[PDB]
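Student: Just dropping this structure here.
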Amino acid sequence: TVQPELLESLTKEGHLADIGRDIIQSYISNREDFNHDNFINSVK
Amino acid sequence: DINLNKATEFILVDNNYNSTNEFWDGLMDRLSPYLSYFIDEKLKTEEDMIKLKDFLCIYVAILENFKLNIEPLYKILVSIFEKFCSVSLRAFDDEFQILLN
Amino acid sequence: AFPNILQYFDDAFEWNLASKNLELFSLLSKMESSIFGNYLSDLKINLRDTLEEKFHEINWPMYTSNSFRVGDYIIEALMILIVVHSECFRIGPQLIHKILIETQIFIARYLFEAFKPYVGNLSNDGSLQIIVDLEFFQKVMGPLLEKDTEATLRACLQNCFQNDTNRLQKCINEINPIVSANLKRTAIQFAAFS
Amino acid sequence: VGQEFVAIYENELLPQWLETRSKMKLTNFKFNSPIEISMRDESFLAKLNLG
Amino acid sequence: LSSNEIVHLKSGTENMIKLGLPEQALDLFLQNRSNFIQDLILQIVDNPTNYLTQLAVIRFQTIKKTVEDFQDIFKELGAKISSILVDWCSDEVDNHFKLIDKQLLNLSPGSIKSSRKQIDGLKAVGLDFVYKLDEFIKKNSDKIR
Amino acid sequence: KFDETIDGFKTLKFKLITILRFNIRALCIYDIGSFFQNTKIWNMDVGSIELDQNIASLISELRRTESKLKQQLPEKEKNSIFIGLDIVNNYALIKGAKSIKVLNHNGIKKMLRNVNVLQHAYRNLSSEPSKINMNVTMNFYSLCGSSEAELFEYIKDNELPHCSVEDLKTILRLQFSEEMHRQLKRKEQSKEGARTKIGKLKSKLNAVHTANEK
Amino acid sequence: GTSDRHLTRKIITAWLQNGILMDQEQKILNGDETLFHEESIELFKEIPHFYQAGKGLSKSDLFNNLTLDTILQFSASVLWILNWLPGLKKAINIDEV
C-alpha cells in the first residue's frame, strides 16, 4: 500500500521483505500502477 | 553482566553480540529519552539536571570501559548541555532585569 | 664428545686416546676462540662508540653542578653492558655473561682511563668542581665487579693532577653521600648488574 | 544494586581521585590520562562484584 | 593476553610463576603492558604540547606502575628478570622518542619540560633516561626553539 | 591448481583493492566536511583560527584505521594501499576541493593551516617517501591564495602538476577574482582587474603551456 | 551484497573497469610508484564527479560507506586469504604431485 506518505519504512518492516528487495517501495508493481511517480528510487 | 563471556555460546559474533544489544536499546529508548529530556526539558529544570548529567556522563563514561557508546552518549548529553544553555540563558539577565528595574 | 670417546672406547680397546685426536677439540678450542672473540669484538666495537660520549663535552669546561650522577659516560656504557648481559643470561647462564662481564670491566676501565690523560691538569676546562664529578662517575663503577679491575679504577683515581693529594681521597670519602644518592636514583636499572 | 555498586565505585571513588589529582596538570581531564593514572587500588571492581 | 584489569593479570602471572615458567611469564606480561599502553595511545595530535604531555604521562607513568608491579610480583626473583625489565623499559623510552620525532614533521620546549619531568618521575624509582633526551635535543635542535 | 591459486590471487587483489577503495573513499567522504564548511569566508572572517572539525575526524579515524590495519594484516600491503591511495586522493581531494566559493585572505591561512595539518597526518602515516602533496597542494592552494597574475604566469611555467588547470587556473582566477568580486559591494565589482583577467584570461591563463586556450 | 537492493554501494560502484582494471595495474606491484593521478583522479573522481566534491555536494560522508563491522570483517577475511595463499599455494610440487 505504498502511497506517497507510507512507502519507505512500512515496506522495510519485518515480514514486509515478502515484498521485493528493490520492489519494497514498488510493492504494488504487482498492480496496474506501480508506485505513483518514481517507484525505483531505492536500489541506488 | 552480559559481557562476562567465556566466549562464545552464540558464537555470533566472536565477541560482537552485546554491541548490538546496547546499540539497539540505545536506539529505541533514545527517542523516548529524547522527548523525556525535551518535553520534559521543562521537567528537566536548572536544578538537578546538573545531577542528571552528573548521573549520566559518569555512566556514559564507565561503559565497557567503552563499546560503541556514541550517539546516545554524545548526542543526548550534548542536547542536555543545550538545555542547560537555554535554561541558564533565560535564567540569565532576563531573569536579572530587576537590575534593569 | 669426551664421553662419546670414553664410551667410544667400549668394544673398541684402541687405546682410548691419543688426544692428538682432540686436535679436533683443539679445533673446537680455535672455534671457541673464533666464537666469543667474534661477539666480544663487536660489543667492544660498540663500546668503542663509548668514546663518542665522554670525549664530546664531558670533562670539558664543566661546572657539573652536583648531578648525582650525570655520568652518560658510564650510564649508556653500563646500559648496553646490561643489555647484553640482559638478553643472554638465561640460556647462556654463567657463560661469558660472567667472563665477558669481567672483560667488559677491563676494556671499560682501560678505554676509560686514557681520557683523564689529556685533562691531566685536573680542572680542565672547568673541572675544579667536576674533579669531584669525575670522582663520582669514577665511583659509579663499583657495582659488583672484581678487585684488579678496582685496582685499575683507583689507579685512574690518581690519574690527573689532583688525583695526587690525599685531600682528593678523604674529600671523595666525604663526597660519598651524593654517590649514595645515585645509588637509589638510579638503583633498579643497573641493579641487575649486582 | 549492581549498577549502584558500579556508579558508586566510579562516581564515589574515581572522580574523587581524578579531581583530587590534576592538581599537577590542569585540563586535560576526565579522560585518557585519568584513565591511565587511575588505575589505583579500588580499580578492583569488575572481577566478581556483579558477576 | 586479554585482560585490561589487574587481578587476573596479577593472579595468573604468579600462577605462571607457580608453574615455574617465569621468563616467558614476564615477557608476556610486558607484552600485555605494551599492548596496553599501545591502545591507550589510541585516545586523542589535536595540538602539540598537550599531545606530548598526554603521551609522556601514559607511557612513563605506566612503566613506573609496572615497576612496582614487578618488584611486587617477582619477590626475590633476582637480577636477571630485572634485566629483562630494563630491556622493555629502554625499548619503550626509545619508542617514545620515535613518537616524538614521528611528528616533528612540519615545536616549543614546554613539551620537553613535560617529558623530562616525567622521566625524573622514573627516577623516583631510580632509572635515568634524560641523557637519551639530551642526545635527542642534540640531534634534533631545529624546532626546539 | 593454477586455476585454483589463480582464483585465490584474484580474491587477494579484489580484497586488498576493496580495502584501498575503503580508505580512499573514507578520505573523499571526509573532504565533504568542506561541503558545507559553513561559508568559507569572503576576503576574511578575521579571526579565522581553526580548524574544520570534520577534518580532525578524518585525521582521527585515519589514524586509528591505520592503527588497527597495522595490527591485523601484514606490513607491505598496508604501506601499499595506504601509500598510493592516501597521497593521490589527498592531491585530487585538494584539486576538486578548490571548487568551493568566494575566498578569504585570512581563510587562505585557515584552509592552508588545515591542509598543512592533513599533510602532517598522511605524513604521520608515511613521510619519508615522497609526501609531495604537501608541497604540491600546499603551493597550489597557496597559489590559489596567491592573487598575483604575474605569479599565475610565473608559477605553472615552473611547477604545479596541475592537470585541472582549466578549473585550477579558472579557480585561482576565481580567487584573485574572489577577492575582487566582493572587494566592494553594490558591485563587488567593476571587473576591471577582471578585465585584466579577461585579458589575462587570454594572457596569464590562455597562454596555457603552448595549448594557449585557458 | 550486490543485489543493490537497496544501496548505492559507491565502493562497488567504484568496482568498475578500467578504473578497476588499471586499479589492478595499480594492484600489480601495486603500482610501483606510477600512482597515476590520471588513474586515481579519473576513476576515483569519475563516479565522484556526480557532485563533484561539490560544492555544495550531493555526495558522501556517511552516504553509503562500509560500516566498522563490515570493515573488521573484510580486514579479517583478507588476513585469512593472506594466511591461505602461502600455506595452500605452496605445494604445487610440479606438476601433478
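Going by the C-alpha cells order, chains are called A, B, ..., each with residues numbered from 1, while ligands are numbered from 1 in the order shown.
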Select all residues from chain B having any atom no more than 12 Å from an atom of chain D (counting only C-alpha atoms, ignoring ligands), output as JSON, numbers by chain.
Tutor: {"B": [1, 2, 3, 4, 5, 51, 53, 54, 55, 56, 57, 58, 59, 60, 61, 62, 63, 64, 65, 66]}
Student: Please identify all polymer residues within 10 Å of residue 190 (chain C), counting only C-alpha atoms, omitting same-chain residues fewer than 2 positions from it, and present them as a list in words.
Tutor: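 Surrounding residues, per the criterion: residues 75, 78, 79, 81, 82, 143, 183, 186, 187, 188, 192, 193 and 194 of chain C; 79, 82, 83, 86, 126 and 127 of chain E.
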Student: Using only C-alpha atoms and a cut-off of 12 Å, which residues of chain C sit close to chain E? Please list them as number ranges by chain.
Tutor: C: 52-53, 56-57, 67-94, 97, 144, 181-194
Student: Set the distance at 10 Å and use only C-alpha atoms: which residues neighbour residue 28 (chain A) once local chain neighbours fewer than 4 positions away are removed? I'd like the list as number ranges by chain.
Tutor: A: 1-3, 19-20, 23-24, 32-36, 39
Student: Just to be explicit: take each residue in the selection above, keep N, CA and C atoms, and write the result as a short mmCIF file (atom, residue, chain, number, x, y, z; two decimals), in the first residue's frame.
Tutor:
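File part.cif, as written:
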```
data_model
loop_
_atom_site.label_atom_id
_atom_site.label_comp_id
_atom_site.auth_asym_id
_atom_site.auth_seq_id
_atom_site.Cartn_x
_atom_site.Cartn_y
_atom_site.Cartn_z
N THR A 1 0.85 -1.18 0.00
CA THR A 1 0.00 0.00 0.00
C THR A 1 0.88 1.24 0.00
N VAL A 2 1.90 1.24 -0.86
CA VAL A 2 2.94 2.26 -0.86
C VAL A 2 2.41 3.50 -1.57
N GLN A 3 1.87 4.44 -0.80
CA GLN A 3 1.43 5.74 -1.29
C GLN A 3 2.56 6.74 -1.07
N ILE A 19 7.73 -8.40 0.31
CA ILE A 19 7.78 -7.53 -0.85
C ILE A 19 9.22 -7.53 -1.35
N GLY A 20 9.46 -7.01 -2.56
CA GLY A 20 10.73 -7.23 -3.23
C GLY A 20 11.88 -6.43 -2.66
N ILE A 23 11.84 -3.95 -4.85
CA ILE A 23 10.42 -3.76 -5.07
C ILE A 23 9.73 -3.72 -3.71
N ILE A 24 10.40 -3.14 -2.71
CA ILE A 24 9.74 -2.82 -1.45
C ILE A 24 8.90 -1.56 -1.62
N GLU A 32 -1.85 -2.47 -11.39
CA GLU A 32 -1.83 -1.69 -12.63
C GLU A 32 -0.76 -0.60 -12.56
N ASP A 33 -0.93 0.36 -11.67
CA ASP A 33 0.05 1.41 -11.43
C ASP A 33 1.08 0.91 -10.43
N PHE A 34 2.35 1.24 -10.64
CA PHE A 34 3.39 0.59 -9.85
C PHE A 34 3.55 1.22 -8.47
N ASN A 35 4.10 2.44 -8.39
CA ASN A 35 4.20 3.06 -7.07
C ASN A 35 4.09 4.57 -7.11
N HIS A 36 3.30 5.12 -8.05
CA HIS A 36 2.89 6.53 -8.05
C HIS A 36 4.06 7.52 -8.12
N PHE A 39 8.76 4.96 -8.59
CA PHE A 39 8.81 3.69 -7.87
C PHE A 39 10.22 3.22 -7.50
#
```
Student: So which residues touch residue 13 (chain D) within 12 Å, counting only C-alpha atoms, skipping near sequence neighbours fewer than 3 positions away, as a PyMOL selection string?
Tutor: (chain B and resi 58) or (chain D and resi 5-10+16-20+38-45)
Student: Write out as a ChimeraX atom specification all residues of region 28-189 of chain F that backbone DSSP assigns to strand (DSSP E or B).
Tutor: /F:42-44,104
Student: Please produce an output containing N, CA, C and O atoms for each residue in the selection, written as an mmCIF file, in the first residue's frame.
Tutor:
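Okay, this is what ended up in part_26.cif:
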```cif
data_model
loop_
_atom_site.group_PDB
_atom_site.id
_atom_site.type_symbol
_atom_site.label_atom_id
_atom_site.label_comp_id
_atom_site.auth_asym_id
_atom_site.auth_seq_id
_atom_site.Cartn_x
_atom_site.Cartn_y
_atom_site.Cartn_z
ATOM 1 N N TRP F 42 34.561 35.249 2.700
ATOM 2 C CA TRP F 42 34.872 36.157 1.605
ATOM 3 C C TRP F 42 35.853 37.211 2.102
ATOM 4 O O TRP F 42 35.526 37.991 3.003
ATOM 5 N N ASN F 43 37.081 37.150 1.578
ATOM 6 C CA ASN F 43 38.226 38.055 1.741
ATOM 7 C C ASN F 43 38.852 38.017 3.134
ATOM 8 O O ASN F 43 40.044 38.307 3.267
ATOM 9 N N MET F 44 38.100 37.553 4.135
ATOM 10 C CA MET F 44 38.468 37.356 5.532
ATOM 11 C C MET F 44 37.232 36.890 6.278
ATOM 12 O O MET F 44 36.106 36.999 5.789
ATOM 13 N N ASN F 104 38.818 33.794 1.071
ATOM 14 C CA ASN F 104 39.203 34.623 2.207
ATOM 15 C C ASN F 104 40.715 34.673 2.351
ATOM 16 O O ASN F 104 41.372 33.629 2.371
#
```
Student: What are the residues of chain E lining chain F at 7 Å or less? Count only C-alpha atoms, and put the answer as number ranges by chain.
Tutor: E: 42, 102-103, 105-106
